[PDB]
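First the structure, in the form of structure tokens, and then the observations on it.
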Amino acid sequence: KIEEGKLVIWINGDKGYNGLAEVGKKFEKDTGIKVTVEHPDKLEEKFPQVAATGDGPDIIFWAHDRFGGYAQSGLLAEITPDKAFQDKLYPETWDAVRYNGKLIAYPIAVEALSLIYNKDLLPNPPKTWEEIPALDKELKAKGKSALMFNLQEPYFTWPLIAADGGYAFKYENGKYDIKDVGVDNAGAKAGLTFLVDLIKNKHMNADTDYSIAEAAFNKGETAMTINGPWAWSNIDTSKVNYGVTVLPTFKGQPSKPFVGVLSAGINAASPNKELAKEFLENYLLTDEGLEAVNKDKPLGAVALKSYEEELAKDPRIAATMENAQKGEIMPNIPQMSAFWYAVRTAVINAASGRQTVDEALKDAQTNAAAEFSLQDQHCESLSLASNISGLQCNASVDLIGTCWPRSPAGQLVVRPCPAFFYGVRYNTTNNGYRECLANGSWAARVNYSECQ
Amino acid sequence: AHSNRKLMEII
Ligand SMILES: OC[C@H]1O[C@H](O[C@H]2[C@H](O)[C@@H](O)[C@@H](O)O[C@@H]2CO)[C@H](O)[C@@H](O)[C@@H]1O
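Going down the list, the protein sequences come from chains A and B. The authors' numbering puts the first residue of the first sequence at -348, with every later residue one more than the last. The authors' numbering puts the first residue of the second sequence at 31, with every later residue one more than the last.
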């Protein structure tokens, strides 16, 4: 249900979709192809759902990290530009959009989070994070808040968590180690501890999301925010006298923003592949094409050599890139979505008080690694019916903590009924039955109707 | 126990 002879593009909401729409109009009456730009919610999870059944957009615009995941599902068509086109862009930005050696998207621009401050409210910005509590109770007197940023997305809070010692996956021998997740070490705790300290002291609202912190800075109510290059145009509309600068440093260590490369991937199920190609290559990735989007919302540092020479002299890009230099580029492995979600959970729970940091982070460790919880790791080993020819249900646990050992498919598995003297678990003469199904998955339901 | 019979009926 995604038609031919027309281009439908999906970009994030905060990006320059209007500038991209202007590039669409230029392309519309140059060939004769209808180009329309949409910006839907949860776009980065919508796409792998709609496109997975042949029906996504033609082009999708996201940070390079999500693309690795999509690539694996084969939602993205592999793009082959002649080596002569690849010269227009910086050679290293092509690596960002590489998965299994296949080039999967076109690198557009580099964005990293920067500390934006109000030159008027705060003349000299804070070098460290520890001085913010001190420099808030000062501003709170004069009816203002010191620091406000989106606490709802991990992309924003992670630079702080990462500052001391935290990281996603350890880069070992030209690769990423997926069992090794440092989302919960000493440095990661110190980061999230101090972040909660700001909430459980009324320095920052744990409610605060994007448009809230966005509107407040533009009204002139908050001293500092943390945002990306896209944010700059609304701060211009409001005509605040502002400065983009390096993020504060926590425990002497610099803050480590994860750095994204905005990329454009072509939908595999799309029939308009070459049509899209000529749009991106010939129209979008060019001086005017990138100027249009940058006119709408600033892109950060672009990947296009020619245009970047110009953007380079902008003092705001200088600070953006100086921040990116302290941080790391995102991995584009599929385990990233797990990591991101693993942290969203943790930061949310810690913020609301739902969990103490150590608890929230231990869960985050489990989630990002995608392993069993401490409680359940002992099910892993179990497979009391094994050395298996054919399909299997892998050792799993159910919602009571009953291990279901690895079994060949199409077989009724039996395990003793749990019972509980208060917390204390024990086994009865009775049996819980569960079928390891013919297709290799455990039956959703465990028949526990005999343990009375 | 009780909040665990309730669980086991659903589970
Ligand atoms: O918050 C986790 C989120 O971070 C990244 O998404 C960013 C994106 O890179 C930015 O350009 C901007 O639009 O904000 C987004 C989130 O607020 C990751 O790319 C994404 O996987 C992850 O969900």
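For every residue, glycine included, the Cβ atom is placed at its ideal position computed from N, Cα and C.
One or two residues paired with residue i in a DSSP bridge
i           : result
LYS(-343)/A : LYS(-315)/A
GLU39/B     : Per DSSP, none; premise fails for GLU39/B.
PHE(-91)/A  : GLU(-21)/A
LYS(-179)/A : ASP(-172)/A
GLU(-68)/A  : Beta-bridge pairing links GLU(-68)/A to no other residue.
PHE(-99)/A  : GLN(-96)/A
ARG(-251)/A : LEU(-246)/A
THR(-221)/A : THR(-100)/A
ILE(-338)/A : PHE(-288)/A
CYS54/A     : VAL48/A
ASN(-82)/A  : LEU(-273)/A
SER(-204)/A : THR(-127)/A
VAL(-299)/A : Answer is none; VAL(-299)/A lacks a bridge partner.
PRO59/A     : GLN43/A
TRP(-191)/A : Paired residue(s): none; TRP(-191)/A is not in a bridge.
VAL(-47)/A  : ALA(-240)/A
Local conformation of residue i per DSSP, three classes
i             : result
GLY(-330)/A   : helix
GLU86/A       : strand
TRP(-287)/A   : strand
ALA(-57)/A    : helix
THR17/A       : helix
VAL(-105)/A   : strand
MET(-125)/A   : strand
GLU(-257)/A   : coil
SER47/A       : strand
residue 179/A : Chain A is shown only over -348 to 103; residue 179/A falls outside these bounds and no answer can be derived.
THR(-63)/A    : coil
residue 137/A : Nothing can be reported for residue 137/A: it is not among the residues displayed for chain A, which extend from -348 to 103.
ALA(-7)/A     : helix
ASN(-131)/A   : helix
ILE(-270)/A   : coil
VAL75/A       : strand
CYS102/A      : coil
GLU(-321)/A   : helix
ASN(-144)/A   : coil
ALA(-240)/A   : strand
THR80/A       : strand
Cα-Cα separation between residue i and residue j, rounded to whole angstroms
i             : j           : result
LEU(-228)/A   : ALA(-126)/A : 6 Å
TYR84/A       : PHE71/A     : 19 Å
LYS(-54)/A    : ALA(-328)/A : 12 Å
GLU(-128)/A   : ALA95/A     : 52 Å
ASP(-294)/A   : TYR(-66)/A  : 25 Å
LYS(-174)/A   : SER34/A     : 31 Å
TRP(-119)/A   : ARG(-283)/A : 19 Å
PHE(-200)/A   : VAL(-105)/A : 14 Å
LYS(-44)/A    : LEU(-246)/A : 19 Å
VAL(-326)/A   : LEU12/A     : 44 Å
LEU(-157)/A   : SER37/A     : 43 Å
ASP14/A       : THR(-112)/A : 42 Å
residue 161/A : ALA(-48)/A  : Coverage of chain A is limited to positions -348 through 103, which leaves residue 161/A absent and any answer about it impossible.
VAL(-239)/A   : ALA(-46)/A  : 7 Å
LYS(-179)/A   : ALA(-163)/A : 15 Å
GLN16/A       : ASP(-165)/A : 6 Å
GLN103/A      : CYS87/A     : 24 Å
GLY(-60)/A    : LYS(-52)/A  : 13 Å
Cβ-based neighbour list, residue i, same chain, cut-off 7 Å, excluding 5 preceding and 5 following
i             : result
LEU(-74)/A    : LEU(-342), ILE(-316)
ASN45/A       : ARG57
residue 136/A : This structure gives no information on residue 136/A, because the portion of chain A shown stretches from -348 to 103.
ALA(-143)/A   : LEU(-198), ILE(-150), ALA2, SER3
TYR(-107)/A   : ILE(-233), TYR(-232), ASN(-231), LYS(-230), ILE(-114)
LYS(-348)/A   : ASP(-294)
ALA(-133)/A   : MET(-201), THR(-127)
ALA19/A       : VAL(-168), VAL(-166), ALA(-11), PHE(-10), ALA(-7)
Cβ neighbours of residue i in the same chain (closer than 8 Å, five flanking residues each side left out)
i           : result
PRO(-301)/A : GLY(-280), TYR(-279), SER(-276), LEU(-274)
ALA(-159)/A : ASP(-185), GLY(-184), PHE(-99), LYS(-98)
Residue span of the beta strand (DSSP E) that contains residue i, given as start and end
i           : result
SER(-235)/A : -235 to -231
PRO69/A     : 62 to 72
Close beta carbons around residue i, own chain, < 6 Å, minus the five adjacent residues each side
i          : result
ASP27/A    : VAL48
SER(-12)/A : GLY(-280)
Delimiting residues of the alpha helix (DSSP H) encompassing residue i
i           : result
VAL(-168)/A : First-last for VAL(-168)/A: -173 to -167, but that is the beta strand (DSSP E), not the alpha helix (DSSP H).
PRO(-15)/A  : It is not in any alpha helix (DSSP H) - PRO(-15)/A carries neither H nor E in the DSSP assignment.
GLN(-197)/A : Careful: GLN(-197)/A lies outside any alpha helix (DSSP H) and carries neither H nor E.
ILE(-217)/A : -218 to -215
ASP(-152)/A : -163 to -150
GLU(-211)/A : -212 to -208
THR(-112)/A : -117 to -112
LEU(-38)/A  : -44 to -38
Proximity test, residue i beta-carbon vs ligand 3 heavy atom, cut-off 8 Å
i           : result
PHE(-193)/A : The model depicted lacks ligand 3 and carries ligand 1 instead.
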